[PDB]
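Student: below: the sequence, then the experimentally determined structure.
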Amino acid sequence: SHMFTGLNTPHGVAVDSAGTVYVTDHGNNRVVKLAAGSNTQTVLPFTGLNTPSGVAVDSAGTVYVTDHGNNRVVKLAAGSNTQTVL
Amino acid sequence: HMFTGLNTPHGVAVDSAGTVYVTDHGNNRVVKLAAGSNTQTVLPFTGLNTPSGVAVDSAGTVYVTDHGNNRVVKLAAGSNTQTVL
Amino acid sequence: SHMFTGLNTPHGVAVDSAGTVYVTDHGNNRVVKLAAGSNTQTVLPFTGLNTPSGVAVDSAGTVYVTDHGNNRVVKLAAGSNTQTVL
Ligand SMILES: [Co+2]
């Protein structure tokens, strides 16, 4: 048959001009960043995510997330605390 | 919304100008949105099946994993005709 | 299939300053790259991958890949090919 198929939602990783690494985390519905040096994982203040699939970071440090399960793209303008929906 | 009509987005990339590129997996297409734009453009890729990853180089060429077709395609800036890698 | 070959359900793509294209060849548990105007794909020396997904590359040529679904991020250091878990 193959009556049931499903796709695995993608996992994203991105690295900014300074080597800081940004990762989607499906199980905790969050996006985290890891500055190399400090042994600290920062949870970024995105909200209400459902299975973030992709992350990118522009020159200005702005972070963008494909929020797969909510059919949208969210961003966090660098040192803004409020998420915009694109 | 400002991106409009997305279904199950798989991937996002951002170019040096802050233009945002998105794989719209559920609709088999790739869309883009300039930094702080109202309007979105659909890129002229063709015959995609569940596009997934997207990247953009410093020349503005857009690369996409055509996950359902096991291939990678690319589109030069302002081109209408993709190349398969 | 022109120059990439034998891909199965690929996920992430990334491109470096040299225009080298990196593809997470998800279905084959490997990461492949294609140098500008080369006709030969290179399988990077990651080991122990399983359903990898996202891929990024920094200016230094370090490659990061999401791996074992949600479990981890693997970093391949340029030159040494030392693999570390982020
Ligand atoms: Co989807």
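Tutor: Here it is on my side, so go on. Numbering: from 1, shown residues only, chains lettered A, B, ... in the order given.

Student: the nearest residue to residue A:73 once chain neighbours are set aside: neighbour count?
Tutor: Nearest non-adjacent residue to residue A:73, counting by CB to CB, 6 or more residues apart in numbering or on different chains: residue A:86, 4.3 Å away. For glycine as for every other residue, the C-beta is placed from the backbone atoms N, C-alpha and C. Burial of residue A:86 is recorded as 21 neighbouring residues (other CB atoms under 10 Å in any protein chain shown).

Student: residues from chain A in reach of chain B?
Tutor: A:7, A:9-10, A:12, A:53-60, A:62, A:64-69, A:71-73, A:75, A:85-86 (CB under 8 Å from any CB of the partner chain).

Student: swap in 6 Å and give it another go.
Tutor: Within chain A, the residues that sit near chain B (CB under 6 Å from any CB of the partner chain) are A:10, A:53, A:54, A:56, A:58, A:64, A:66, A:68, A:71, A:73, A:86.

Student: CA atoms of the host helix or strand of residue A:22 as CSV?
Tutor: Taking DSSP states H and E as the definition, residue A:22 sits inside strand A:21-25. Taking C-alpha atoms only, strand A:21-25 is exported to CSV below (Å, rounded to 0.1, in the frame of the first residue of the first chain):
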residue,chain,number,x,y,z
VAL,A,21,25.3,29.5,16.1
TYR,A,22,21.4,29.5,16.0
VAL,A,23,19.5,26.1,16.1
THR,A,24,15.8,25.2,15.9
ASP,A,25,14.7,22.9,18.7
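
Student: which residues sit against that strand?
Tutor: When contacts are defined by CB atoms under 6 Å, 6 or more residues apart in numbering or on different chains, strand A:21-25 is touched by residues A:11-15, A:31-34, A:52, A:55, A:57, C:73, C:86.

Student: partners of that strand in the sheet?
Tutor: Strand A:21-25 sits in its sheet next to strand A:13-15 (antiparallel), strand A:30-34 (antiparallel), going by DSSP bridges.

Student: outside of the first one, which residues touch it?
Tutor: Here strand A:13-15 makes contact (CB under 6 Å, 6+ apart) with A:21, A:22, A:23, A:55, A:56, A:57, C:54, C:56, C:58, C:64, C:66, C:73.

Student: out of these, who has the most neighbours?
Tutor: Most surrounded of these: other CB under 10 Å gives residue C:66, at 30 neighbours.

Student: what bridges to that residue?
Tutor: Beta-bridge partners of residue C:66, as defined by DSSP bridges: residue C:73.

Student: who touches it in this structure?
Tutor: Counting by CB under 6 Å, 6+ apart, residue C:66 touches A:11, A:13, C:53, C:54, C:73.

Student: can you tell me which two in those are farthest apart?
Tutor: C:53 and C:73 (10.3 Å; CB to CB).

Student: which residue ranges of chain A form strands?
Tutor: Secondary structure of chain A (DSSP state E): strands at A:13-15, A:21-25, A:30-34, A:42-43, A:52-57, A:63-67, A:72-76, A:84-85.

Student: neighbouring contacts of the last one?
Tutor: Think strand A:84-85. A:72, A:74, A:75.

Student: surely the second one touches residue A:83?
Tutor: Read it as residue A:74. Yes. Counting by CB atoms under 6 Å, residue A:83 is a contact partner of residue A:74 at 5.2 Å.

Student: so between these two, which is more surrounded?
Tutor: Legend: neighbour count by other CB under 10 Å for residue A:74 and residue A:83, higher for residue A:74 (21 against 18).

Student: who's in contact with the more buried one?
Tutor: Counted by CB under 6 Å, 6+ apart, residue A:74 has contacts A:46, A:65, A:67, A:83, A:85.
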